[PDB]
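Containing mmCIF, C-alpha atoms and all ligand atoms: model-v8.cif.
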data_my_file
#
loop_
_atom_site.group_PDB
_atom_site.id
_atom_site.type_symbol
_atom_site.label_atom_id
_atom_site.label_comp_id
_atom_site.auth_asym_id
_atom_site.auth_seq_id
_atom_site.Cartn_x
_atom_site.Cartn_y
_atom_site.Cartn_z
ATOM 1 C CA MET A 1 0.000 0.000 0.000
ATOM 2 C CA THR A 2 1.826 3.060 -1.392
ATOM 3 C CA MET A 3 1.633 6.845 -0.802
ATOM 4 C CA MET A 4 -0.576 7.186 -3.868
ATOM 5 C CA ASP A 5 -2.926 4.390 -2.768
ATOM 6 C CA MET A 6 -3.438 6.318 0.468
ATOM 7 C CA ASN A 7 -4.540 9.427 -1.480
ATOM 8 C CA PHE A 8 -7.097 7.469 -3.526
ATOM 9 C CA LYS A 9 -8.463 5.650 -0.493
ATOM 10 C CA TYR A 10 -9.007 9.094 1.084
ATOM 11 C CA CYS A 11 -10.911 10.336 -2.051
ATOM 12 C CA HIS A 12 -12.912 7.075 -1.980
ATOM 13 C CA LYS A 13 -13.847 7.650 1.709
ATOM 14 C CA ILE A 14 -15.002 11.167 0.834
ATOM 15 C CA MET A 15 -17.150 9.747 -1.974
ATOM 16 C CA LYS A 16 -18.660 7.005 0.286
ATOM 17 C CA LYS A 17 -19.392 9.646 2.907
ATOM 18 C CA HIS A 18 -21.203 12.120 0.690
ATOM 19 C CA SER A 19 -22.734 10.075 -2.097
ATOM 20 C CA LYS A 20 -24.205 6.634 -1.328
ATOM 21 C CA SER A 21 -25.871 6.241 -4.761
ATOM 22 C CA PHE A 22 -22.855 7.218 -6.850
ATOM 23 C CA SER A 23 -20.291 5.223 -4.871
ATOM 24 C CA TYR A 24 -22.462 2.147 -4.993
ATOM 25 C CA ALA A 25 -22.355 2.299 -8.822
ATOM 26 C CA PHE A 26 -18.980 3.721 -9.501
ATOM 27 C CA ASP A 27 -17.147 1.309 -7.161
ATOM 28 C CA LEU A 28 -18.149 -1.371 -9.731
ATOM 29 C CA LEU A 29 -15.762 0.156 -12.334
ATOM 30 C CA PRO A 30 -12.458 -1.510 -13.149
ATOM 31 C CA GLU A 31 -9.808 -0.400 -10.645
ATOM 32 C CA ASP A 32 -8.208 2.288 -12.796
ATOM 33 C CA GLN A 33 -11.357 4.146 -13.797
ATOM 34 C CA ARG A 34 -12.761 3.641 -10.310
ATOM 35 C CA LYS A 35 -9.786 5.556 -8.861
ATOM 36 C CA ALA A 36 -10.032 8.370 -11.440
ATOM 37 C CA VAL A 37 -13.720 8.831 -10.468
ATOM 38 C CA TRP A 38 -12.966 8.933 -6.706
ATOM 39 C CA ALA A 39 -10.413 11.676 -7.247
ATOM 40 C CA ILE A 40 -12.597 13.870 -9.544
ATOM 41 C CA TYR A 41 -15.486 13.449 -7.136
ATOM 42 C CA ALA A 42 -13.456 14.493 -4.146
ATOM 43 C CA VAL A 43 -12.096 17.571 -5.854
ATOM 44 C CA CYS A 44 -15.646 18.577 -6.822
ATOM 45 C CA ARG A 45 -16.843 17.701 -3.298
ATOM 46 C CA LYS A 46 -14.258 20.051 -1.812
ATOM 47 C CA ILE A 47 -15.041 22.904 -4.251
ATOM 48 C CA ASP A 48 -18.678 22.527 -3.367
ATOM 49 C CA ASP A 49 -17.850 22.547 0.390
ATOM 50 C CA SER A 50 -15.409 25.530 0.237
ATOM 51 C CA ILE A 51 -17.388 28.176 2.079
ATOM 52 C CA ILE A 57 -13.581 32.927 0.746
ATOM 53 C CA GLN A 58 -10.024 31.804 0.698
ATOM 54 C CA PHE A 59 -10.065 27.996 0.626
ATOM 55 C CA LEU A 60 -11.767 28.076 -2.786
ATOM 56 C CA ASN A 61 -9.101 30.317 -4.373
ATOM 57 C CA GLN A 62 -6.482 27.908 -2.871
ATOM 58 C CA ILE A 63 -8.157 25.000 -4.643
ATOM 59 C CA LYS A 64 -8.493 27.024 -7.843
ATOM 60 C CA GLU A 65 -4.735 27.665 -7.610
ATOM 61 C CA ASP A 66 -3.897 23.984 -7.035
ATOM 62 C CA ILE A 67 -5.970 23.057 -10.090
ATOM 63 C CA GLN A 68 -4.277 25.726 -12.258
ATOM 64 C CA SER A 69 -0.753 24.510 -11.335
ATOM 65 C CA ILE A 70 -1.775 20.945 -12.330
ATOM 66 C CA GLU A 71 -2.985 22.249 -15.675
ATOM 67 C CA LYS A 72 0.107 24.258 -16.556
ATOM 68 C CA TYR A 73 2.652 21.795 -14.935
ATOM 69 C CA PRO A 74 1.289 18.180 -14.817
ATOM 70 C CA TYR A 75 4.761 16.540 -14.350
ATOM 71 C CA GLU A 76 6.210 18.863 -11.668
ATOM 72 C CA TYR A 77 6.075 18.702 -7.893
ATOM 73 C CA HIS A 78 3.764 21.305 -6.265
ATOM 74 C CA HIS A 79 3.267 22.456 -2.715
ATOM 75 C CA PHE A 80 -0.536 22.347 -2.833
ATOM 76 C CA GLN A 81 -2.275 25.068 -0.815
ATOM 77 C CA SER A 82 -5.557 23.206 -0.175
ATOM 78 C CA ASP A 83 -6.024 19.426 0.284
ATOM 79 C CA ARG A 84 -2.837 17.570 -0.571
ATOM 80 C CA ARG A 85 -4.245 14.002 -0.636
ATOM 81 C CA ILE A 86 -6.965 15.107 -3.141
ATOM 82 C CA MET A 87 -4.727 17.297 -5.253
ATOM 83 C CA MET A 88 -2.001 14.609 -5.567
ATOM 84 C CA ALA A 89 -4.548 12.064 -6.784
ATOM 85 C CA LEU A 90 -6.016 14.525 -9.261
ATOM 86 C CA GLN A 91 -2.547 15.238 -10.609
ATOM 87 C CA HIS A 92 -1.824 11.495 -10.910
ATOM 88 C CA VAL A 93 -5.057 11.190 -12.941
ATOM 89 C CA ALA A 94 -4.138 14.148 -15.203
ATOM 90 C CA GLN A 95 -0.831 12.523 -16.154
ATOM 91 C CA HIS A 96 -2.614 9.620 -17.815
ATOM 92 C CA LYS A 97 -5.917 11.141 -18.890
ATOM 93 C CA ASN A 98 -7.105 14.251 -20.690
ATOM 94 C CA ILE A 99 -8.965 16.450 -18.207
ATOM 95 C CA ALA A 100 -11.200 19.453 -19.073
ATOM 96 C CA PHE A 101 -9.790 22.009 -16.747
ATOM 97 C CA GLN A 102 -12.215 24.700 -18.056
ATOM 98 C CA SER A 103 -15.016 22.552 -16.639
ATOM 99 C CA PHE A 104 -13.604 22.723 -13.028
ATOM 100 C CA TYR A 105 -13.249 26.552 -13.427
ATOM 101 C CA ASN A 106 -16.944 26.764 -14.449
ATOM 102 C CA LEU A 107 -17.890 24.803 -11.367
ATOM 103 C CA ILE A 108 -15.692 27.072 -9.266
ATOM 104 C CA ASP A 109 -17.357 30.180 -10.784
ATOM 105 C CA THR A 110 -20.722 28.642 -9.976
ATOM 106 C CA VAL A 111 -19.837 28.175 -6.320
ATOM 107 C CA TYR A 112 -18.526 31.728 -6.081
ATOM 108 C CA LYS A 113 -21.774 33.102 -7.674
ATOM 109 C CA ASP A 114 -23.887 31.059 -5.292
ATOM 110 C CA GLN A 115 -22.775 33.405 -2.513
ATOM 111 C CA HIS A 116 -25.037 36.071 -4.087
ATOM 112 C CA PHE A 117 -27.876 33.702 -4.996
ATOM 113 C CA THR A 118 -31.141 35.359 -5.868
ATOM 114 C CA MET A 119 -33.882 33.149 -7.253
ATOM 115 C CA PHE A 120 -34.084 32.328 -10.927
ATOM 116 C CA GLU A 121 -36.509 34.408 -12.956
ATOM 117 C CA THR A 122 -36.820 31.729 -15.599
ATOM 118 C CA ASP A 123 -36.258 28.018 -16.219
ATOM 119 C CA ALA A 124 -33.329 29.026 -18.480
ATOM 120 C CA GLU A 125 -31.348 30.551 -15.584
ATOM 121 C CA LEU A 126 -32.194 27.414 -13.592
ATOM 122 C CA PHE A 127 -30.928 25.104 -16.365
ATOM 123 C CA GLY A 128 -27.901 27.365 -16.571
ATOM 124 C CA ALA A 129 -27.146 26.642 -12.909
ATOM 125 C CA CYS A 130 -27.626 22.855 -13.375
ATOM 126 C CA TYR A 131 -24.999 23.040 -16.132
ATOM 127 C CA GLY A 132 -22.580 24.862 -13.812
ATOM 128 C CA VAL A 133 -22.866 22.480 -10.809
ATOM 129 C CA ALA A 134 -23.317 19.191 -12.547
ATOM 130 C CA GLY A 135 -23.125 19.460 -16.315
ATOM 131 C CA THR A 136 -19.471 20.362 -15.736
ATOM 132 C CA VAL A 137 -18.904 17.167 -13.665
ATOM 133 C CA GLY A 138 -20.227 15.017 -16.492
ATOM 134 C CA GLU A 139 -17.769 16.839 -18.846
ATOM 135 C CA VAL A 140 -14.750 16.202 -16.582
ATOM 136 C CA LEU A 141 -15.721 12.493 -16.301
ATOM 137 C CA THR A 142 -16.132 11.980 -20.054
ATOM 138 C CA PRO A 143 -12.546 10.826 -20.900
ATOM 139 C CA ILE A 144 -12.538 8.488 -17.933
ATOM 140 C CA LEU A 145 -15.751 6.674 -19.024
ATOM 141 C CA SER A 146 -15.330 6.506 -22.845
ATOM 142 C CA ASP A 147 -12.405 5.353 -24.947
ATOM 143 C CA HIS A 148 -13.108 7.778 -27.842
ATOM 144 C CA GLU A 149 -14.341 11.286 -26.876
ATOM 145 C CA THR A 150 -16.500 13.005 -29.439
ATOM 146 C CA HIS A 151 -18.675 16.012 -29.161
ATOM 147 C CA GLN A 152 -21.511 13.419 -28.806
ATOM 148 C CA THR A 153 -19.855 11.909 -25.708
ATOM 149 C CA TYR A 154 -19.605 15.293 -23.992
ATOM 150 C CA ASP A 155 -23.193 16.172 -24.877
ATOM 151 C CA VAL A 156 -24.542 12.983 -23.339
ATOM 152 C CA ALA A 157 -22.390 13.173 -20.158
ATOM 153 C CA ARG A 158 -23.461 16.858 -19.779
ATOM 154 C CA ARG A 159 -27.133 16.164 -20.103
ATOM 155 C CA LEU A 160 -26.807 13.175 -17.710
ATOM 156 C CA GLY A 161 -25.271 15.396 -15.111
ATOM 157 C CA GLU A 162 -27.776 18.168 -15.556
ATOM 158 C CA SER A 163 -30.689 15.832 -15.076
ATOM 159 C CA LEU A 164 -29.158 14.304 -11.975
ATOM 160 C CA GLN A 165 -28.951 17.859 -10.535
ATOM 161 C CA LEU A 166 -32.624 18.351 -11.399
ATOM 162 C CA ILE A 167 -33.534 15.118 -9.596
ATOM 163 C CA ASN A 168 -31.455 16.358 -6.616
ATOM 164 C CA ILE A 169 -33.371 19.680 -6.561
ATOM 165 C CA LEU A 170 -36.664 17.707 -6.690
ATOM 166 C CA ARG A 171 -35.672 15.614 -3.707
ATOM 167 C CA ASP A 172 -34.345 18.422 -1.544
ATOM 168 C CA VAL A 173 -37.216 20.879 -1.902
ATOM 169 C CA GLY A 174 -37.886 20.996 1.883
ATOM 170 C CA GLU A 175 -34.352 21.207 3.174
ATOM 171 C CA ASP A 176 -33.431 23.731 0.477
ATOM 172 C CA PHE A 177 -36.227 26.065 1.727
ATOM 173 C CA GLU A 178 -34.869 25.777 5.312
ATOM 174 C CA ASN A 179 -31.500 26.934 4.032
ATOM 175 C CA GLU A 180 -33.254 29.815 2.379
ATOM 176 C CA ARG A 181 -32.988 28.473 -1.160
ATOM 177 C CA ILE A 182 -35.613 27.846 -3.753
ATOM 178 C CA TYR A 183 -34.553 26.494 -7.121
ATOM 179 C CA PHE A 184 -37.905 26.435 -8.939
ATOM 180 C CA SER A 185 -38.104 29.484 -11.250
ATOM 181 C CA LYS A 186 -40.128 32.630 -10.310
ATOM 182 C CA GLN A 187 -41.736 32.337 -13.714
ATOM 183 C CA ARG A 188 -42.771 28.734 -13.101
ATOM 184 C CA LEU A 189 -43.922 29.443 -9.488
ATOM 185 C CA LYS A 190 -46.211 32.291 -10.724
ATOM 186 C CA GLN A 191 -47.619 30.240 -13.587
ATOM 187 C CA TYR A 192 -48.566 27.298 -11.305
ATOM 188 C CA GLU A 193 -49.662 29.648 -8.464
ATOM 189 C CA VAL A 194 -47.210 28.143 -5.928
ATOM 190 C CA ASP A 195 -45.501 29.644 -2.913
ATOM 191 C CA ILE A 196 -42.893 27.389 -1.327
ATOM 192 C CA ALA A 197 -43.182 28.941 2.221
ATOM 193 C CA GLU A 198 -46.884 28.223 2.219
ATOM 194 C CA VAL A 199 -46.412 24.605 1.036
ATOM 195 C CA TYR A 200 -43.722 23.982 3.593
ATOM 196 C CA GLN A 201 -46.079 25.194 6.349
ATOM 197 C CA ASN A 202 -49.324 23.679 5.044
ATOM 198 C CA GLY A 203 -48.449 20.535 3.187
ATOM 199 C CA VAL A 204 -48.553 19.491 -0.406
ATOM 200 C CA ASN A 205 -51.419 20.627 -2.670
ATOM 201 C CA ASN A 206 -52.299 20.196 -6.404
ATOM 202 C CA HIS A 207 -50.521 23.267 -7.689
ATOM 203 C CA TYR A 208 -47.302 21.972 -6.064
ATOM 204 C CA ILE A 209 -47.655 18.449 -7.395
ATOM 205 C CA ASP A 210 -48.188 19.884 -10.879
ATOM 206 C CA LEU A 211 -45.165 22.169 -10.741
ATOM 207 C CA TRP A 212 -43.081 19.333 -9.257
ATOM 208 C CA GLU A 213 -44.239 16.874 -11.942
ATOM 209 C CA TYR A 214 -43.563 19.480 -14.646
ATOM 210 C CA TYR A 215 -39.822 19.295 -13.653
ATOM 211 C CA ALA A 216 -39.826 15.574 -12.956
ATOM 212 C CA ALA A 217 -41.026 14.960 -16.566
ATOM 213 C CA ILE A 218 -38.142 17.114 -17.910
ATOM 214 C CA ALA A 219 -35.630 15.050 -15.819
ATOM 215 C CA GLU A 220 -37.227 11.808 -17.013
ATOM 216 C CA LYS A 221 -37.110 12.871 -20.670
ATOM 217 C CA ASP A 222 -33.421 13.797 -20.374
ATOM 218 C CA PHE A 223 -32.808 10.462 -18.638
ATOM 219 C CA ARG A 224 -34.401 8.502 -21.500
ATOM 220 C CA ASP A 225 -32.385 10.478 -24.028
ATOM 221 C CA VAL A 226 -29.174 9.566 -22.199
ATOM 222 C CA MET A 227 -30.047 5.866 -22.029
ATOM 223 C CA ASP A 228 -30.686 5.719 -25.847
ATOM 224 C CA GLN A 229 -27.173 7.094 -26.284
ATOM 225 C CA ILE A 230 -25.517 4.880 -23.626
ATOM 226 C CA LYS A 231 -23.251 3.559 -26.426
ATOM 227 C CA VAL A 232 -21.001 6.636 -26.401
ATOM 228 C CA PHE A 233 -19.408 5.249 -23.240
ATOM 229 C CA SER A 234 -16.846 2.468 -22.932
ATOM 230 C CA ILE A 235 -18.248 -1.079 -22.613
ATOM 231 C CA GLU A 236 -17.250 -1.563 -18.973
ATOM 232 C CA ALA A 237 -18.888 1.846 -17.996
ATOM 233 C CA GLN A 238 -22.220 1.516 -19.830
ATOM 234 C CA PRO A 239 -23.946 -0.712 -17.223
ATOM 235 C CA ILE A 240 -22.405 1.347 -14.353
ATOM 236 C CA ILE A 241 -23.552 4.618 -15.781
ATOM 237 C CA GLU A 242 -26.937 3.107 -16.355
ATOM 238 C CA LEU A 243 -27.005 1.846 -12.829
ATOM 239 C CA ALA A 244 -26.042 5.233 -11.430
ATOM 240 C CA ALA A 245 -28.718 7.030 -13.425
ATOM 241 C CA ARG A 246 -31.395 4.397 -12.697
ATOM 242 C CA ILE A 247 -30.738 4.578 -9.005
ATOM 243 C CA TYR A 248 -30.945 8.393 -9.088
ATOM 244 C CA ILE A 249 -34.188 8.276 -11.107
ATOM 245 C CA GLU A 250 -35.815 5.916 -8.638
ATOM 246 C CA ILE A 251 -35.488 8.865 -6.238
ATOM 247 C CA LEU A 252 -38.422 10.276 -8.217
ATOM 248 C CA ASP A 253 -40.725 7.355 -7.366
ATOM 249 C CA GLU A 254 -39.574 7.599 -3.732
ATOM 250 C CA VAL A 255 -40.628 11.256 -3.528
ATOM 251 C CA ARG A 256 -44.148 10.406 -4.808
ATOM 252 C CA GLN A 257 -44.493 7.532 -2.311
ATOM 253 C CA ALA A 258 -43.622 9.886 0.542
ATOM 254 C CA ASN A 259 -46.326 12.182 -0.882
ATOM 255 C CA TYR A 260 -43.903 14.869 -2.042
ATOM 256 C CA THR A 261 -42.971 15.636 1.588
ATOM 257 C CA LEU A 262 -40.984 18.770 2.340
ATOM 258 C CA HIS A 263 -39.909 17.505 5.754
ATOM 259 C CA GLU A 264 -37.580 14.613 5.073
ATOM 260 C CA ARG A 265 -34.927 13.440 2.683
ATOM 261 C CA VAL A 266 -36.151 10.298 0.903
ATOM 262 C CA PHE A 267 -33.608 7.715 -0.272
ATOM 263 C CA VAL A 268 -33.269 4.545 -2.320
ATOM 264 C CA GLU A 269 -32.304 1.745 0.042
ATOM 265 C CA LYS A 270 -29.246 -0.464 -0.528
ATOM 266 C CA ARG A 271 -31.528 -3.458 -1.172
ATOM 267 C CA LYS A 272 -33.259 -1.521 -3.967
ATOM 268 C CA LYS A 273 -29.910 -0.568 -5.405
ATOM 269 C CA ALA A 274 -28.900 -4.269 -5.682
ATOM 270 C CA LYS A 275 -32.268 -5.059 -7.267
ATOM 271 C CA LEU A 276 -31.704 -2.405 -9.994
ATOM 272 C CA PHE A 277 -28.173 -3.713 -10.432
ATOM 273 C CA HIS A 278 -29.531 -7.230 -10.903
ATOM 274 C CA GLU A 279 -31.918 -5.886 -13.575
ATOM 275 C CA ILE A 280 -29.258 -3.898 -15.502
ATOM 276 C CA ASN A 281 -26.762 -6.711 -15.098
ATOM 277 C CA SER A 282 -29.106 -9.213 -16.720
ATOM 278 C CA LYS A 283 -29.807 -6.987 -19.687
ATOM 279 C CA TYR A 284 -26.010 -7.089 -20.301
HETATM 280 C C1 LIG B 1 -17.868 13.250 -9.677
HETATM 281 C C2 LIG B 1 -19.181 12.751 -9.171
HETATM 282 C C3 LIG B 1 -19.571 11.331 -9.507
HETATM 283 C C4 LIG B 1 -19.958 13.580 -8.436
HETATM 284 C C5 LIG B 1 -19.517 14.995 -8.107
HETATM 285 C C6 LIG B 1 -20.091 15.605 -6.818
HETATM 286 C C7 LIG B 1 -20.115 17.108 -7.011
HETATM 287 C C8 LIG B 1 -19.814 17.713 -8.336
HETATM 288 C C9 LIG B 1 -20.396 18.000 -6.054
HETATM 289 C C10 LIG B 1 -20.373 19.469 -6.459
HETATM 290 C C11 LIG B 1 -21.536 19.870 -7.375
HETATM 291 C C12 LIG B 1 -22.842 19.254 -6.931
HETATM 292 C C13 LIG B 1 -23.647 19.965 -5.856
HETATM 293 C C14 LIG B 1 -23.226 18.096 -7.527
HETATM 294 C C15 LIG B 1 -24.475 17.278 -7.246
HETATM 295 C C16 LIG B 1 -24.065 15.796 -7.138
HETATM 296 C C17 LIG B 1 -24.868 15.116 -6.036
HETATM 297 O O1 LIG B 1 -23.978 14.323 -5.276
HETATM 298 P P1 LIG B 1 -23.800 14.441 -3.674
HETATM 299 O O2 LIG B 1 -24.333 15.780 -3.209
HETATM 300 O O3 LIG B 1 -22.351 14.122 -3.406
HETATM 301 O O4 LIG B 1 -24.727 13.195 -3.247
HETATM 302 P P2 LIG B 1 -26.310 13.168 -2.866
HETATM 303 O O5 LIG B 1 -26.728 14.628 -2.968
HETATM 304 O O6 LIG B 1 -26.904 12.151 -3.801
HETATM 305 O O7 LIG B 1 -26.305 12.579 -1.457
HETATM 306 C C18 LIG B 1 -24.870 16.277 -8.349
HETATM 307 C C19 LIG B 1 -26.321 15.791 -8.336
HETATM 308 C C20 LIG B 1 -24.075 16.142 -9.678
HETATM 309 C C21 LIG B 1 -23.791 14.704 -10.099
HETATM 310 C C22 LIG B 1 -23.359 14.600 -11.553
HETATM 311 C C23 LIG B 1 -22.746 13.500 -12.078
HETATM 312 C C24 LIG B 1 -22.416 12.275 -11.238
HETATM 313 C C25 LIG B 1 -22.350 13.457 -13.540
HETATM 314 C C26 LIG B 1 -22.706 12.093 -14.141
HETATM 315 C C27 LIG B 1 -22.204 11.948 -15.562
HETATM 316 C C28 LIG B 1 -21.622 10.800 -15.992
HETATM 317 C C29 LIG B 1 -21.471 9.627 -15.086
HETATM 318 C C30 LIG B 1 -21.127 10.665 -17.398
HETATM 319 MG MG MG B 2 -29.393 19.244 -3.150
HETATM 320 MG MG MG B 3 -25.512 17.704 -3.709
#

Rewrite the structure of this file - the entire thing - as structure tokens.
Amino acid sequence: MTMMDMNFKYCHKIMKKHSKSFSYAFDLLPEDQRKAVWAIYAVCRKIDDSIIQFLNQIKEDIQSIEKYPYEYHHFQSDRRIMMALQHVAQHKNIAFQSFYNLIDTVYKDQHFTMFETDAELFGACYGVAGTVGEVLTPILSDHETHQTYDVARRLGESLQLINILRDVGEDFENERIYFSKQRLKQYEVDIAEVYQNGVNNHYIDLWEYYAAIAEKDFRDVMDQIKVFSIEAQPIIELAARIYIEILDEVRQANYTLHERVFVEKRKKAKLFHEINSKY
């Protein structure tokens, strides 16, 4: 067990801590892609958790890795994570611009004021999650085309939308609402009121409006599953399927705004069995 192995095992532990659905799937990858995913995840985890000066420190670590992949650096932020990311960058082509976009998005979030329209909202989904799909693309496909990026991007954006749809209650408590002003007006919905009084029909309708968008994007990703390498196809499908099942869970908890619903480990294995057998 080397120095490097210790970095990756740390990244892995971050991933298992913060993301039960994605680790479950992505730990099924062959060892070398598995480790690249752990490392990208943990960098994005840390960027997302930044908050100020830690975030600039990370941005600086990333920029050194870009300009000088084969040199030793004295990383300012988290050395275990940065070392692993740099090890990954030596063997794979990484879209640095895509981590800067994510970093910009976390900086802008400081000044978050609700989205006027669905197009600002989809613009944020790109920034938090569409970028992650882009950074992962060369790890999960052997030939990167524009098509491969487009599919990875859309997968990530629709996972963010599913995340939003799950976290409606806890997001309100943290003073955030991600549904667009325009769509809240149209459906006559006020999130404060729902939170206090329970679900109603206007809410379900607005909710299901977005759920249908996420579902349509999901189905469009699945019909293009082929852009990914053969070993990653069933994993990616698992990861997406698990995340989509979050949608059925929300409806069975009656769209509650007072708990985080989840897909249990036993359900995860059942979906894996299903995908597995189709392959
Ligand atoms: C690198 C990796 C797997 C994840 C990166 C974790 C990142 C970027 C955090 C900073 C930005 C944020 C807030 C992202 C939200 C992730 C919710 O996870 P998390 O909050 O940890 O767990 P949960 O909320 O479920 O408990 C999100 C929904 C985007 C997931 C998009 C993916 C996976 C692209 C898939 C495309 C292909 C697989 C081609
Ligand atoms: Mg969330
Ligand atoms: Mg999240």

Spell out the residues picked by the PyMOL selection byres (((chain A and resi 97) around 12) and not hetatm) here, as a PDB file with C-alpha atoms, keeping the file's coordinate frame.
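Okay, out28.pdb is ready:
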ATOM      1  CA  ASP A  32      -8.208   2.288 -12.796  1.00  0.00           C
ATOM      2  CA  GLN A  33     -11.357   4.146 -13.797  1.00  0.00           C
ATOM      3  CA  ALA A  36     -10.032   8.370 -11.440  1.00  0.00           C
ATOM      4  CA  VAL A  37     -13.720   8.831 -10.468  1.00  0.00           C
ATOM      5  CA  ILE A  40     -12.597  13.870  -9.544  1.00  0.00           C
ATOM      6  CA  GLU A  71      -2.985  22.249 -15.675  1.00  0.00           C
ATOM      7  CA  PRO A  74       1.289  18.180 -14.817  1.00  0.00           C
ATOM      8  CA  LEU A  90      -6.016  14.525  -9.261  1.00  0.00           C
ATOM      9  CA  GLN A  91      -2.547  15.238 -10.609  1.00  0.00           C
ATOM     10  CA  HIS A  92      -1.824  11.495 -10.910  1.00  0.00           C
ATOM     11  CA  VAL A  93      -5.057  11.190 -12.941  1.00  0.00           C
ATOM     12  CA  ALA A  94      -4.138  14.148 -15.203  1.00  0.00           C
ATOM     13  CA  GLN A  95      -0.831  12.523 -16.154  1.00  0.00           C
ATOM     14  CA  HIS A  96      -2.614   9.620 -17.815  1.00  0.00           C
ATOM     15  CA  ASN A  98      -7.105  14.251 -20.690  1.00  0.00           C
ATOM     16  CA  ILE A  99      -8.965  16.450 -18.207  1.00  0.00           C
ATOM     17  CA  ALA A 100     -11.200  19.453 -19.073  1.00  0.00           C
ATOM     18  CA  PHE A 101      -9.790  22.009 -16.747  1.00  0.00           C
ATOM     19  CA  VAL A 140     -14.750  16.202 -16.582  1.00  0.00           C
ATOM     20  CA  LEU A 141     -15.721  12.493 -16.301  1.00  0.00           C
ATOM     21  CA  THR A 142     -16.132  11.980 -20.054  1.00  0.00           C
ATOM     22  CA  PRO A 143     -12.546  10.826 -20.900  1.00  0.00           C
ATOM     23  CA  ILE A 144     -12.538   8.488 -17.933  1.00  0.00           C
ATOM     24  CA  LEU A 145     -15.751   6.674 -19.024  1.00  0.00           C
ATOM     25  CA  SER A 146     -15.330   6.506 -22.845  1.00  0.00           C
ATOM     26  CA  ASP A 147     -12.405   5.353 -24.947  1.00  0.00           C
ATOM     27  CA  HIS A 148     -13.108   7.778 -27.842  1.00  0.00           C
ATOM     28  CA  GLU A 149     -14.341  11.286 -26.876  1.00  0.00           C
TER      29      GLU A 149
END

Would you pick out the contacts of residue 261 in chain A at 8 Å or less, using only C-alpha atoms, so that residues sharing its chain but fewer than 6 positions from it are not included, and give the list as an mmCIF file with C-alpha atoms, in the frame of the given file?
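After the write, out_38.cif holds the following:
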data_model
loop_
_atom_site.group_PDB
_atom_site.id
_atom_site.type_symbol
_atom_site.label_atom_id
_atom_site.label_comp_id
_atom_site.auth_asym_id
_atom_site.auth_seq_id
_atom_site.Cartn_x
_atom_site.Cartn_y
_atom_site.Cartn_z
ATOM 1 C CA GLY A 174 -37.886 20.996 1.883
ATOM 2 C CA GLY A 203 -48.449 20.535 3.187
ATOM 3 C CA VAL A 204 -48.553 19.491 -0.406
ATOM 4 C CA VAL A 255 -40.628 11.256 -3.528
#

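Neighbouring residues of ligand MG 2 (chain B) at a cut-off of 9 Å, counting all atoms listed in the file, are residues 165, 166, 167, 168, 169, 170, 171, 172, 173, 175 and 176 of chain A.
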
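Within the file as shown, the PyMOL selection byres (((chain A and resi 191) around 12) and not hetatm) identifies residues 121, 122, 123, 184, 185, 186, 187, 188, 189, 190, 192, 193, 194, 195, 207, 208, 210, 211 and 214 of chain A.
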
Store the residues picked out above, limited to C-alpha atoms, as a PDB file, in the frame of the given file.
ATOM      1  CA  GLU A 121     -36.509  34.408 -12.956  1.00  0.00           C
ATOM      2  CA  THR A 122     -36.820  31.729 -15.599  1.00  0.00           C
ATOM      3  CA  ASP A 123     -36.258  28.018 -16.219  1.00  0.00           C
ATOM      4  CA  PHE A 184     -37.905  26.435  -8.939  1.00  0.00           C
ATOM      5  CA  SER A 185     -38.104  29.484 -11.250  1.00  0.00           C
ATOM      6  CA  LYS A 186     -40.128  32.630 -10.310  1.00  0.00           C
ATOM      7  CA  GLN A 187     -41.736  32.337 -13.714  1.00  0.00           C
ATOM      8  CA  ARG A 188     -42.771  28.734 -13.101  1.00  0.00           C
ATOM      9  CA  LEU A 189     -43.922  29.443  -9.488  1.00  0.00           C
ATOM     10  CA  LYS A 190     -46.211  32.291 -10.724  1.00  0.00           C
ATOM     11  CA  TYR A 192     -48.566  27.298 -11.305  1.00  0.00           C
ATOM     12  CA  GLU A 193     -49.662  29.648  -8.464  1.00  0.00           C
ATOM     13  CA  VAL A 194     -47.210  28.143  -5.928  1.00  0.00           C
ATOM     14  CA  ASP A 195     -45.501  29.644  -2.913  1.00  0.00           C
ATOM     15  CA  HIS A 207     -50.521  23.267  -7.689  1.00  0.00           C
ATOM     16  CA  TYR A 208     -47.302  21.972  -6.064  1.00  0.00           C
ATOM     17  CA  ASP A 210     -48.188  19.884 -10.879  1.00  0.00           C
ATOM     18  CA  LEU A 211     -45.165  22.169 -10.741  1.00  0.00           C
ATOM     19  CA  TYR A 214     -43.563  19.480 -14.646  1.00  0.00           C
TER      20      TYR A 214
END

Practice task
On this file, the PyMOL selection byres (((chain A and resi 137) around 10) and not hetatm) gives some set of residues; write that set as a PyMOL selection string.
Solution key: chain A and resi 40-41+44+100+103-104+106-107+131-136+138-142+157-158+160-162

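Taking CA of residue 277 in chain A as the reference point, CA of residue 9 in chain A is found at 24.0 Å.
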
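The shortest atom-to-atom distance to ligand LIG 1 (chain B), with all atoms listed in the file taken into account, belongs to A:48 out of A:27, A:125, A:48, A:225.
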
Report, as JSON, the axis-aligned box around all atoms of range 43-50 of chain A present in the file, extended by 4 Å on each side; give centre and edge lengths in Å to one decimal place.
{"center_x": -15.4, "center_y": 21.6, "center_z": -3.2, "size_x": 14.6, "size_y": 16.0, "size_z": 15.2}

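Counting from CA of residue 254 in chain A, the distance to CA of residue 266 in chain A is 6.4 Å.
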
Problem - Which residue of A:250, A:47, A:224, A:259 approaches residue 212 in chain A most closely, using only C-alpha atoms - result: A:259

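Excluding residue 82 in chain A and any residue on its chain fewer than 3 positions from it, the residues at most 12 Å away by all atoms listed in the file are residues 43, 46, 47, 50, 58, 59, 60, 61, 62, 63, 64, 65, 66, 67, 78, 79, 85, 86, 87 and 88 of chain A.
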